[PDB]
Structures are given as C-alpha cells and as structure tokens.
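Given as structure tokens, the chain that follows is alone and in the form deposited in one PDB entry.
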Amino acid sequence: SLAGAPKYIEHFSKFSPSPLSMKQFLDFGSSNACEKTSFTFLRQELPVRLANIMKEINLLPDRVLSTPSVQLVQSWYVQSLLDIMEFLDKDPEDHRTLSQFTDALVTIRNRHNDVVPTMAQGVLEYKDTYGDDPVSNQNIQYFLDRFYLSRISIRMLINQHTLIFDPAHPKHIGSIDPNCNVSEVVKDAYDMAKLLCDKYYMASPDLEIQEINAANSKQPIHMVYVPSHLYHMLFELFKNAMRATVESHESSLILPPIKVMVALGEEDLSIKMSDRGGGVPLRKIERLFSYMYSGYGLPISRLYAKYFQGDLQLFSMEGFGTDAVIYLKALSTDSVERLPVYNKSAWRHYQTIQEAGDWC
C-alpha cells in the first residue's frame, strides 16, 4: 500500500525538474536497455514534475482553489502521482514492470485529457461565485502559464515513452520529426483552416509562402521539431488571420492573401504570418494572451513556442492588418525544455496585495 499523497508531494517537490533538449529526446533508443533507462528516469522525473506543479496549485487564492473544477484537476494529479508511486519498488529487469508502466502512463494521459477546459471552467467558477479581482487575476495569469507549460512537458515525456516503446512515421522518434519540412506543416495548417473559413464564409484568402534560407538559398527549410505542436500554433494563427481578412472585406469579392515567410538564420527559425485583416488597436493586444479576457488558443499556442525556448509574438497595425511571428530555435541543441520550478522565487509571485501601482 502507499503513503498518503502529501508525503510524496513534499518529497518530490524538493527536486527541480530536469529539462531535456530536443537532441537528447532524439538520441533516445528503443531497445530493452533503453526502455529500462526510460522507466528508471520517468519513475523519478514524472513524480518530480507532478509534485512541483501541485505545490504551486496550493498557492492560488483560496477563491480559485475552492472551485469544484480546480479541485477536480488537483484530484487527478494526486491519483496520477500515486499511480507512479506503485512503481517505486518494482524491478526494471522484469518485463512485466515495463509493460505495466506503459499501461499506467496511458491511463494517466487519458485521465488528464480534458485538463485545459476543466481548468478554464474553474476560472469561470471563480468569476461567477466571487466576481473577479485584479490581484487574483494576476496570480491566475502567472499560474496558468506555468501550469499549462508544465502539462505540455509531462505530456511530452509520456508521449515519447508510449510512442517509442509501444506506424506511418517510423523515421519519427516518438512524436519528434528529425526532418520536419516547415513549409509542409504551414500548408497543412492552412488547408485545415481554409476548410473552416470556407464553411462559414464561403470564401477564404489564398496562401503565399516565401522561404529565406540565409546560409543555403536553394535548400528547403527543415528542422528537428514536434510537427503537431507547430501545426497547432499555425492552425490557430491561420484561423485568426482568415477570419479578420474576410470580416474586414465584407464588400469585396477579392480577398488579400495571407503571406507567410519562413526564415532560417544561424540561431532562429522564424515564421511570420502577415494578413491585411484590418488590425487591432495595441490596447487590445495584451488581452489576446489573457486567460481572463477569455478561447485559450493563443495563450496555449505561445506556450508551445516557449516550451523549446521559442516565442509567439503579435504586432498589429490598426486600420491595416496584423503580423504574427513564431520564433523557434534553429538547432536541436538549443531547443531545451522550458520548465517552471517550485521555489522561493516562484512562491513570492503569489504573495501580492492590492495597492496603488508604481505609475500615475
């Protein structure tokens, strides 16, 4: 039988998560020796990542913590942590340990499938029950960025293990494509967004792609990346760009295209999506990344970019259109997980009071 969950949470929250680079993920093998190594790694690392973020959940305002949906998500994290604790004393040499471990990871992944919308219901419950306040809102914003990035990282570890140690893409390493053709992903996201735009507006802007391979002008641009994450970001951006374009051109039969540039530099692989959808005033830009003003499409997309040391930035020109840029690291060695850690500095952010700001 197991100890009470808080004993495990306190134990594992003392450790810092260990960030892996894309290259490290990529250089992970599929042998028995490798599966045992993955097992011995994950039975420590997953509990560390679960515990670290569970400790930050406890720092949320009582108001948010008291909501049924936040309490529900907490309970899932507790059970998932306990599921892994069952493996602490198990022998990696026993093939049944390994197969049971993979089954346990699948069960955890499914348990947590609806975490994003469930947390969003928690935010709504807080607003409905108590009314929102600026202090709680700032804490929620800080927390959710960290919580969702933590979740992305945990899903990455689980997907890598289950895909490698249990199809279409045998050149992929788990969910990683060592030769991801960026323009092909751009086209896939455009195609899917076009289906949606065509359905509702009976029209959609065309796509124009330009590549700038600075060091090798002829060569198609490739990278090591998780294509599903890149797809997610581009699909969200195309939906917004298409909607803006059609909605700002109600009188017109001719729609300006969405232009995408893919640039490969020494350090960055940058993807800029430019539309002439009429733009948004600067005042309204920050709110596009707010969990409260919402529709977590944009904030979660930016977290995917940030997860491997990239970013997603918007700059609009009200009256004209908008540019969105996805910044990725060009090199797999620079693509290192960005993971929140529970410590004093973290703890300090939730320690805020209501007072006059430092500006007039």
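Rigid core (definition): largest C-alpha set, two forms, superposition within 1.5 Å. The first residue of the sequence shown is number 1, and the count goes up from there.
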>> Please check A168 against the other PDB entries of this protein that were compared: is it missing in at least a third of those that model both its neighbours?
In response: yes
> Residues with no coordinates between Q313 and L314 in the deposited sequence, how many: none, 1 to 3, 4 to 9, or 10 or more?
Replying inline: none
> What number of deposited residues lacks coordinates in the span between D166 and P167: none, 1 to 3, 4 to 9, or 10 or more?
Replying inline: 4 to 9
> Between 246-254 and 266-274, which has the larger average Cα B-factor in the PDB entry?
Replying inline: 246-254
> Got a sec? Mean C-alpha B-factor, which is higher, 343-351 or 8-16?
Replying inline: 343-351
> Per the entry, which of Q309, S38, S301, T67 tops the list for Cα B factor?
Replying inline: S38
> Per the coordinate record, which of the options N110, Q210, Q74, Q121 holds the highest CA temperature factor?
Replying inline: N110
> Based on the entry's values, in what third of the chain does the Cα temperature factor of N52 lie: lowest, middle or highest?
Replying inline: middle
> By its CA B factor, does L230 count among the lowest, middle or highest third of the modelled residues in the chain?
Replying inline: lowest
> So where's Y291 on the chain's Cα temperature factor ranking, which third?
Replying inline: middle
>> Test of reading the entry: by CA B factor among the chain's modelled residues, which third contains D133?
In response: highest
> Which third of the chain does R155 land in by C-alpha B-factor: lowest, middle or highest?
Replying inline: middle
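Another form, the form deposited in another entry, is not on view; read the next lines as being about it.
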> After aligning the rigid core, which of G131, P257, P281, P117 is the one whose Cα travels 2 Å or more between this form and the one not shown?
Replying inline: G131
> With both forms fit on the core, has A33 moved 2 Å or more by CA between this form and the one not shown?
Replying inline: yes
>> Comparing against this form, do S30 and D177 have their CA atoms pulled together or pushed apart in the other entry? The difference is 3 Å or more.
In response: closer
>> Taking the cut-off of 3 Å or more as given, in which direction does the distance between the C-alpha atoms of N32 and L81 change in the other entry, closer or farther?
In response: farther
